[PDB]
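Have a look at the structure below, then the notes.
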Amino acid sequence: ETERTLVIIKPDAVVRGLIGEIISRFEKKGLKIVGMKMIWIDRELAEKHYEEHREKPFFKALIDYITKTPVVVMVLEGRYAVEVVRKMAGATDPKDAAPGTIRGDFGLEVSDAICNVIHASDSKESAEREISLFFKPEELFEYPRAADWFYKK
Amino acid sequence: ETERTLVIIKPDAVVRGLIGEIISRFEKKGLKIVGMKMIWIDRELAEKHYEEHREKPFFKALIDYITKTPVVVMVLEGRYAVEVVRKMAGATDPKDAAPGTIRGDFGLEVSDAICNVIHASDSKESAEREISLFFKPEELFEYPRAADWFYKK
Amino acid sequence: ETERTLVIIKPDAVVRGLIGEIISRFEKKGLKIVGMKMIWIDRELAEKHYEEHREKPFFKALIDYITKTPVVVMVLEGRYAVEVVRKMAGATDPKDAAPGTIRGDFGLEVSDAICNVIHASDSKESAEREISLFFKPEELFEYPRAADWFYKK
Amino acid sequence: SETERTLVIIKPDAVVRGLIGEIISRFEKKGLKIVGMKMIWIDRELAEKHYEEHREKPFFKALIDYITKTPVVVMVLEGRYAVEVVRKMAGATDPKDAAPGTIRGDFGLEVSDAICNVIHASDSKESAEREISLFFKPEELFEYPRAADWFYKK
Amino acid sequence: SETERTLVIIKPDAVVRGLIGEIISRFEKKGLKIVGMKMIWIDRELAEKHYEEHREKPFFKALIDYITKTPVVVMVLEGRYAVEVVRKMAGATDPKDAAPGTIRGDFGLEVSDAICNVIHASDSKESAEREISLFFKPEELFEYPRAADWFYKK
Amino acid sequence: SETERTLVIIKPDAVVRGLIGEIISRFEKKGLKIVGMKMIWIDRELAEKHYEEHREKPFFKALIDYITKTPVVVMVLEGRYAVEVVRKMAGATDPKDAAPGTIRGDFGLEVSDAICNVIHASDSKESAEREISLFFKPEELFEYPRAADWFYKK
Ligand SMILES: [Cl-]
Ligand SMILES: [Cl-]
Ligand SMILES: [Cl-]
Ligand SMILES: [Cl-]
Ligand SMILES: [Cl-]
Ligand SMILES: [Cl-]
Ligand SMILES: [Cl-]
Ligand SMILES: [Cl-]
Ligand SMILES: [Cl-]
Ligand SMILES: [Cl-]
Ligand SMILES: [Cl-]
Ligand SMILES: [Cl-]
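Now the structure itself:
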């Protein structure tokens with residue numbers, strides 16, 4: 006049941022100083038950070054990440070948005086991490102996101118792109134692809150978090 | 006899409022020392038406080054604010070409640086602020102409010118009135134009316150919040 | 006409308022140092038702690054508490070889980086406390102629990118038992134039974150919380 | 005008695021950064037009572053009056069520009085030895101020197117031509133009385149019970 | 005070894021104000037282990053025994069009234085130099101003097117006939133041993149692993 | 005100018021305990037800017053280089069074991085007098101002595117053969133320059149605006 010998912014703390018979150026608060030929500034949930042780094046995504050890498058949206062009217066604005074400032078890419082590991090993180094993120098448009106979710110508590114304002122604080126892989130398949138896009142095997146780790154032993158049988 | 010809505014931090018919240026926590030939820034969401042003040046509402050003003058409930062059995066208790074102690078009236082500005090703040094507030098009766106919402110996390114106990122921490126305009130029309138009831142143009146401001154520039158195109 | 010419900014801060018929560026955070030959610034909601042103590046449940050007491058699950062395949066793992074380390078048993082009092090606390094707890098399996106709920110924000114990983122941070126009585130009847138299992142009348146108290154007077158008529 | 009009233013100004017840097025709520029919560033959690041509060045946009049005349057004791061100082065200009073840059077939140081806090089207490093809670097004037105745990109220590113650092121320091125707190129009972137008058141009319145100050153007031157009755 | 009056990013009492017003012025959880029979280033976050041805990045309503049005899057060293061002091065009466073006003077939460081914290089550490093975390097006896105960041109500094113201020121100060125923390129290992137015995141039976145104290153215990157093995 | 009860059013290492017004890025976010029938030033809330041950051045697993049050679057000034061000290065071995073026990077998060081913080089400020093925020097080297105409000109004061113206590121103290125913070129501008137180079141390539145450090153940067157323009 007243990008999976009890995011990719012999360013991008015977007016430019017709006019970085020600029021607003023919400024990196025720590027976002028990471029804490031994942032740590033408190035029990036999710037493990039197995040990879041993480043601040044990078045500045047260029048257009049080529051951004052378009053590969055968002056290839057599925059190439060023919061949508063908001064594509065250019067989305068690329069402008071994700072490459073606006075540095076972001077923090079990180080890999081989260083844990084039981085059904087993909088669906089769980091998607092649930093924690095909330096509705097794509099923050100105004101529709103439920104209070105308690107990341108977008109629900111932190112997002113609202115938008116530009117020509119729907120600024121929504123973070124990105125979260127939509128599936129195990131997508132996570133695998135996205136993780137490979139931003140990380141090399143040497144940047145991903147296997148280690149114990151404090152409470153890991155508790156769940157072992 | 007930018008709208009203004011009126012919020013009243015009710016007597017139960019003021020007495021319990023929750024003013025700051027409530028305001029923080031709005032600031033963290035990205036909403037801008039364009040007007041705010043602590044006042045003590047008298048019955049005449051209270052009945053005007055709650056005119057729609059004049060013929061309901063709980064009217065008197067509601068007026069007693071909202072005028073029990075000073076309250077904090079404030080105007081919030083932001084993308085679809087009206088519906089967003091209503092969503093953040095949660096169900097009218099706090100016991101039915103979802104965890105994560107203001108009433109869901111802070112409210113429960115009631116008197117002869119359904120004490121529910123805050124008031125939030127139910128529509129743009131109502132917000133306009135309510136704002137005019139408590140504020141003069143000189144008490145409302147237009148200024149930049151830190152991240153405003155980020156969403157400009 | 007005032008009821009009492011039994012809550013058990015389970016071994017996973019105790020080991021992870023979440024006792025305070027869980028208690029705070031109840032206090033902030035307006036619920037009153039009328040009884041509380043850290044104990045180490047033995048198998049006999051555990052099986053009585055979870056008698057309803059005796060013939061389910063996960064029974065043994067559940068008993069192992071609840072008796073793994075000391076736990077904190079506490080009685081919460083307040084308007085419709087039973088249903089309210091159940092709502093605050095969230096879905097039985099933490100991965101399905103909504104952000105904002107206790108299990109939604111704190112739970113995820115499991116062992117051979119569905120580790121889910123806390124236990125909450127499912128009904129007034131069950132609460133009465135469970136409370137009697139862990140507490141004597143001398144361990145339950147009637148006293149005023151700061152804001153009690155506010156709701157009196 | 006020991007009960008005093010002090011004036012706090014949540015300055016433009018705090019308002020802009022969205023820190024109004026966090027600052028207010030610190031005072032509420034301490035047990036201090038908010039007896040008056042409002043968001044206003046201070047004009048040069050009022051700013052100069054509030055900081056009249058510094059009119060003959062080099063940083064005066066930058067200070068006035070700073071305090072009038074955007075709206076602020078002025079408030080009156082009431083409680084046991086409130087003046088000295090809120091001052092202690094505020095921390096050292098220059099936030100870089102303020103201790104972790106204080107408002108300036110946790111929230112302040114960067115400066116402009118003025119030493120941006122999150123909030124203003126009356127320096128003494130005499131200053132508190134003077135400042136409260138500059139920003140509040142008696143009609144805007146209230147006497148009401150906070151939840152735990154009854155607990156401390158002597 | 006350096007591992008000690010100290011007694012903490014979350015006093016009536018904290019219980020009434022709904023601060024039990026916030027106080028406990030501070031100790032948990034520090035790495036201290038709760039080896040015993042329960043809500044009790046202290047009677048005059050027990051209160052006087054706990055504060056016997058102050059029986060010959062003016063404020064004794066108000067103190068007993070205060071500590072027995074409502075139920076309290078007594079707990080035993082275990083950890084490296086726990087006694088001095090919890091004392092440091094508590095802050096100055098009179099909360100108005102306690103530094104921001106400490107429990108009394110962030111949560112205490114108002115007083116009654118007694119100097120209400122949120123919690124009690126054993127003053128020394130000798131006092132800790134005596135106080136733990138007054139409130140807890142060995143059967144109510146436990147030895148178990150906290151999540152990160154394994155990380156510090158020497 | 006007064007703007008400096010310092011190196012912070014969120015040590016294995018903090019990573020294991022799930023405190024990465026809380027630590028980062030303290031720096032963000034202070035107004036400090038994260039110009040570089042990444043999770044890495046320090047090897048003995050790099051650990052020894054970082055702590056070369058302590059290679060001739062008894063606790064050296066335990067220190068290397070500690071800092072390389074699990075992955076860590078290294079980051080560069082930029083801001084007004086960042087070096088001294090982050091040091092102040094960190095608190096006393098031995099967490100038992102660190103004041104409540106500081107990172108070590110609120111989160112640290114227990115130790116192994118090494119004095120586990122949550123994070124590392126450069127001791128001076130000279131050490132900061134040296135340490136930043138050991139962990140980061142110029143290509144991993146960025147220049148960008150944080151939300152309120154415009155507010156402080158002189
Ligand atoms: Cl949602
Ligand atoms: Cl963990
Ligand atoms: Cl709701
Ligand atoms: Cl902002
Ligand atoms: Cl749920
Ligand atoms: Cl209360
Ligand atoms: Cl200071
Ligand atoms: Cl109060
Ligand atoms: Cl102190
Ligand atoms: Cl732990
Ligand atoms: Cl220190
Ligand atoms: Cl910023």
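Residue numbers (PDB author numbering), protein chains in the order written: chain A, 6 to 158; chain A', 6 to 158; chain A'', 6 to 158; chain B, 5 to 158; chain B', 5 to 158; chain B'', 5 to 158. A prime marks a further copy of an entry chain. Even for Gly, the Cβ is constructed at its ideal location relative to N, Cα and C.
> In whole angstroms, what is the alpha-carbon distance linking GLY40 of chain A and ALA96 of chain A?
Replying inline: The residue given as residue 40 of chain A occupies position 35 in the first sequence. The residue given as residue 96 of chain A occupies position 91 in the first sequence. Rounded to the nearest angstrom, the two C-alpha atoms are 25 Å apart.
> Does the distance from the C-beta atom of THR10 of chain B to that of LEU67 of chain B stay below 8 Å?
Replying inline: Within the fourth sequence, numbered from 1, the residue matching residue 10 of chain B stands at position 6. Within the fourth sequence, numbered from 1, the residue matching residue 67 of chain B stands at position 63. Result no, Cβ atoms of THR10 of chain B and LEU67 of chain B do not sit closer than 8 Å.
> For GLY40 of chain B', does the three-state DSSP call read helix, strand or coil?
Replying inline: Here the question's residue 40 of chain B' lines up with position 36 in the fifth sequence. Correct three-state label for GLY40 of chain B': strand.
> Under three-state DSSP, which class holds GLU144 of chain A''?
Replying inline: As a first step, residue 144 of chain A'' must be located in the third sequence, where it is residue number 139. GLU144 of chain A'' falls in the helix class under three-state DSSP.
> Say the cut is 7 Å; is the CB of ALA151 of chain A' nearer than that to a heavy atom of ligand 12?
Replying inline: Taking the first residue of the second sequence as position 1, residue 151 of chain A' is located at position 146. Correct: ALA151 of chain A' has its Cβ closer than 7 Å to ligand 12.
> Taking three-plus beta-carbon pairs below 8 Å as touching, is the region 13-20 of chain A'' in contact with the region 116-129 of chain A''?
Replying inline: yes
> Does the beta-carbon of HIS54 of chain B' have 16 or more other beta-carbons within 10 angstroms, so that it is buried, or is it exposed?
Replying inline: Locating residue 54 of chain B' in the fifth sequence gives position 50, where the first residue counts as 1. Looking at its Cβ environment, which holds 16 or more other Cβ atoms inside 10 Å, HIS54 of chain B' is buried.
> Do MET79 of chain A' and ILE38 of chain A' have their C-beta atoms within less than 8 Å of each other?
Replying inline: Here residue 79 of chain A' refers to the residue found at position 74 when the second sequence is read from its first residue. Here residue 38 of chain A' refers to the residue found at position 33 when the second sequence is read from its first residue. The answer is yes: Cβ separation under 8 Å.
> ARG48 of chain A lies in the alpha helix (DSSP H); which residues open and close that run?
Replying inline: As a position in the first sequence, residue 48 of chain A is number 43, starting the count at 1. 48-54 is the span of the alpha helix (DSSP H), which, as asked, contains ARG48 of chain A.
> To which residues does DSSP link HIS58 of chain A' through a beta bridge?
Replying inline: By one-based count along the second sequence, residue 58 of chain A' stands at place 53. DSSP output for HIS58 of chain A' lists no bridge partner at all.
> So, is the C-beta of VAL39 of chain A' closer than 8 Å to a C-beta in chain A?
Replying inline: Locating residue 39 of chain A' in the second sequence gives position 34, where the first residue counts as 1. By this cut-off, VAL39 of chain A' is not an interface position.
>> Residues of chain B'' with CB closer than 8 Å to the CB of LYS15 of chain A, please, in chain order.
In response: Taking the first residue of the first sequence as 1, we reach residue 15 of chain A at position 10. Near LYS15 of chain A there are no residues of chain B'' at all, since even the closest Cβ is about 13 Å away, more than 8 Å.
> Heavy atom of ligand 1 less than 7 Å from the Cβ of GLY109 of chain A, yes or no?
Replying inline: Residue 109 of chain A sits at position 104 when you count from the first residue of the first sequence. For ligand 1, at least one heavy atom lies less than 7 Å from the Cβ of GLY109 of chain A.
> Taking Cβ positions only, does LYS100 of chain A' come closer than 8 Å to chain A''?
Replying inline: As a position in the second sequence, residue 100 of chain A' is number 95, starting the count at 1. With 8 Å as the cut-off, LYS100 of chain A' counts as an interface residue toward chain A''.
> DSSP three-state call for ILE28 of chain B': helix, strand or coil?
Replying inline: As a position in the fifth sequence, residue 28 of chain B' is number 24, starting the count at 1. Helix, per DSSP.
> Under three-state DSSP, which class holds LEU23 of chain B''?
Replying inline: Here residue 23 of chain B'' refers to the residue found at position 19 of the sixth sequence. DSSP places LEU23 of chain B'' in coil when its eight states are reduced to three.
>> Is there a Cβ of chain A sitting closer than 8 Å to that of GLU88 of chain B'', yes or no?
In response: Stepping through the sixth sequence from its first residue, residue 88 of chain B'' is reached at position 84. Cβ-Cβ to chain A under 8 Å: no for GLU88 of chain B''.
> In chain B'', what lies closer than 8 Å to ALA18 of chain A' by C-beta?
Replying inline: On the second sequence, residue 18 of chain A' is found 13 positions in, with the first residue counted as 1. The contacting residues do not exist; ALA18 of chain A' stays about 24 Å from chain B'' at best.
> With respect to the alpha helix (DSSP H) encompassing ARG91 of chain B'', which residues constitute its N-terminal and C-terminal limits?
Replying inline: Taking the first residue of the sixth sequence as 1, we reach residue 91 of chain B'' at position 87. Element bounds for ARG91 of chain B'': 86-94.
> Applying the criterion that 16 or more other CB atoms from any shown protein chain within 10 Å of the CB defines a buried residue, is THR74 of chain A buried or exposed?
Replying inline: Translated into the one-based positions of the first sequence, residue 74 of chain A becomes position 69. Burial call: buried.
> So, helix, strand or coil for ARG9 of chain A, using DSSP?
Replying inline: For this step, residue 9 of chain A is matched to residue 4 along the first sequence. In the displayed model, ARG9 of chain A falls within a strand according to three-state DSSP.
> Just to confirm, does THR106 of chain B' get its C-beta within under 7 Å of one of the non-hydrogen atoms of ligand 7?
Replying inline: Counting from one through the fifth sequence, the residue named residue 106 of chain B' turns up at place 102. Answer for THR106 of chain B': no, Cβ out of range of ligand 7.
> Comparing the CB of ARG21 of chain A with every heavy atom of ligand 4, is any distance shorter than 7 Å?
Replying inline: In the first sequence, counting from the first residue as 1, residue 21 of chain A sits at position 16. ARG21 of chain A: yes, Cβ under 7 Å from ligand 4.
>> For a contact defined as C-beta to C-beta under 9 Å, what are the partners of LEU113 of chain A' on chain A''?
In response: Walking along the second sequence from the start, residue 113 of chain A' turns up at place 108. The CB of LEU113 of chain A' comes closer than 9 Å to the CB of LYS34, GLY35, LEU36, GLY83, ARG84, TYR85, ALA86, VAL89 in chain A'', given here in chain order.
> So with Cβ pairs under 8 Å, would you call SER137 of chain A'' a contact of chain A?
Replying inline: Here residue 137 of chain A'' is taken as the residue at index 132 of the third sequence, counted from 1. For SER137 of chain A'', the closest Cβ of chain A is not nearer than 8 Å.
>> Can you tell me whether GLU82 of chain A'' is helix, strand or coil according to DSSP?
In response: On the third sequence, residue 82 of chain A'' is found 77 positions in, with the first residue counted as 1. Correct three-state label for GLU82 of chain A'': strand.
> Does the beta carbon of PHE31 of chain B'' come closer than 8 Å to any beta carbon on chain A'?
Replying inline: Your numbering for residue 31 of chain B'' matches position 27 in the sixth sequence. No, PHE31 of chain B'' does not count as interfacial toward chain A'.
> Would you call the CB atoms of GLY35 of chain B' and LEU113 of chain B'' closer than 8 Å?
Replying inline: Taking the fifth sequence and counting its residues from 1, one reaches residue 35 of chain B' at position 31. Taking the sixth sequence and counting its residues from 1, one reaches residue 113 of chain B'' at position 109. A contact, by the Cβ cut-off of 8 Å.
> Which chain B residues are close to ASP110 of chain B', counting only those with a beta carbon under 8 Å from its beta carbon?
Replying inline: Counted from its first residue, the fifth sequence places residue 110 of chain B' at position 106. What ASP110 of chain B' touches in chain B: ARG30, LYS33, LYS34, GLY105.
>> Can you look up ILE71 of chain B in the DSSP assignment and give me helix, strand or coil?
In response: For this step, residue 71 of chain B is matched to residue 67 along the fourth sequence. Looking at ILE71 of chain B - three-state DSSP - the assignment turns out to be helix.
> How many angstroms separate the CA atom of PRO142 of chain B' from the CA atom of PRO104 of chain A''?
Replying inline: Here the question's residue 142 of chain B' lines up with position 138 in the fifth sequence. Here the question's residue 104 of chain A'' lines up with position 99 in the third sequence. If I take the Cα positions, the gap works out to 40 Å.
> Taking Cβ-Cβ distances below 9 Å as the criterion, which residues of the region 138-153 of chain B'' are in contact with chain B?
Replying inline: The residues in question are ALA151, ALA152, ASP153.
> Are the beta-carbon atoms belonging to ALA151 of chain A and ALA86 of chain B' less than 8 Å from one another?
Replying inline: Translated into positions along the first sequence, residue 151 of chain A becomes position 146. Translated into positions along the fifth sequence, residue 86 of chain B' becomes position 82. For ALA151 of chain A and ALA86 of chain B', no; Cβs fall outside 8 Å.
> Between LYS61 of chain B'' and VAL115 of chain B'', what straight-line distance do the alpha-carbon atoms span, to the nearest angstrom?
Replying inline: Your numbering for residue 61 of chain B'' matches position 57 in the sixth sequence. Your numbering for residue 115 of chain B'' matches position 111 in the sixth sequence. So the alpha carbons of these two residues sit roughly 18 Å apart.
> Any heavy atom of ligand 9 closer than 7 Å to the CB of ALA96 of chain B'?
Replying inline: The residue labelled residue 96 of chain B' in the question sits at position 92 within the fifth sequence. Yes, since a heavy atom of ligand 9 falls inside the 7 Å radius drawn around the Cβ of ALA96 of chain B'.
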